[PDB]
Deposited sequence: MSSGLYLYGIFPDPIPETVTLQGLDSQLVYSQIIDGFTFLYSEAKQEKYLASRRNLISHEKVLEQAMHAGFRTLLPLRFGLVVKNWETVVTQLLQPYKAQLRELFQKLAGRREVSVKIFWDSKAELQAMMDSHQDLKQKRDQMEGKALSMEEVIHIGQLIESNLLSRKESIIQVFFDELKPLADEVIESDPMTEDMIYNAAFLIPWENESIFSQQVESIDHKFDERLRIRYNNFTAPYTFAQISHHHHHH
């Protein structure tokens, strides 16, 4: 009654010379089924807690596959344990072949990078009160609407420059909502694999234009989760 912890799905064979280690230090295997390669390890439990430790093990199996050449992949969300290969075939594979082939077409030769921009939220709020209009530092609804809309403008002036100036090196851009209070941009870019060096330098030359006003967090190597999504197919019962 060991199930299968699944890490990702790849279009090509992965050789056994690619040594890999996963959750609980289990060895990681590949398993080809009709031209789809599933990277997996033996699951001891049915469920794994998303502890910091386990999330790192999961993330590194896929990153290590990418470092070894297997850059096109659907990466799976942490925790995916299925009972047996029959269930992998009937539920995960058979109904999804076409979407998985399309998806491998879109990702081939491409990579996800991310850009998170932070500013000093407090400082830029007080700096904005000192601007062109300056009230005294109910109709409380009106005034809290006017600050919130003029704050958005001040963010969006920064954001827009980064978006106009990086978008030309990318095939697709997906923006997500701020995680922290200081975060003003959280964007994933899908770029040709060989655009990374120029992208990296472009990010840096844009930042130089804003002086020490921003913190930039650029991740240049990650499994492509934002751009590898599978919509639901019909399942008969």
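Stretches of the deposited sequence absent from the structure, as judged by C-alpha coordinates, are 1, 139-150.
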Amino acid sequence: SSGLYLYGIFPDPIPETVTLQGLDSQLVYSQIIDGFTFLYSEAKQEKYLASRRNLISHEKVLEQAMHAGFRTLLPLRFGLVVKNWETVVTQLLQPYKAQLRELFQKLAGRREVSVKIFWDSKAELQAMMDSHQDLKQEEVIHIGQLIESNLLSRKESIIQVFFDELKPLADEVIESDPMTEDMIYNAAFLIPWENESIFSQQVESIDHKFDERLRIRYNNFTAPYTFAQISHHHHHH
From here on, numbers count along this sequence of modelled residues.
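Higher mean CA B-factor, judged across 108-116 and 150-158 from the recorded values: 150-158. Comparing the deposited coordinates for 12-20 and 216-224, the stretch with the larger average C-alpha B-factor is 12-20. Highest CA B-factor among the listed residues (167, 132, 77, 97): 132.
Ranked by C-alpha B-factor against the other modelled residues of its chain, residue 81 falls in the lowest third. Annotation for residue 205: C-alpha temperature factor in the middle third relative to the rest of the modelled chain, per the entry. Ranked against the other modelled residues of its chain, the C-alpha B-factor of residue 29 as given in the entry falls in the middle third.
When the CA B factors of the chain's modelled residues are split into thirds, the value for residue 73 lands in the middle one.
Ranked against the other modelled residues of its chain, the C-alpha B-factor of residue 45 as given in the entry falls in the highest third.
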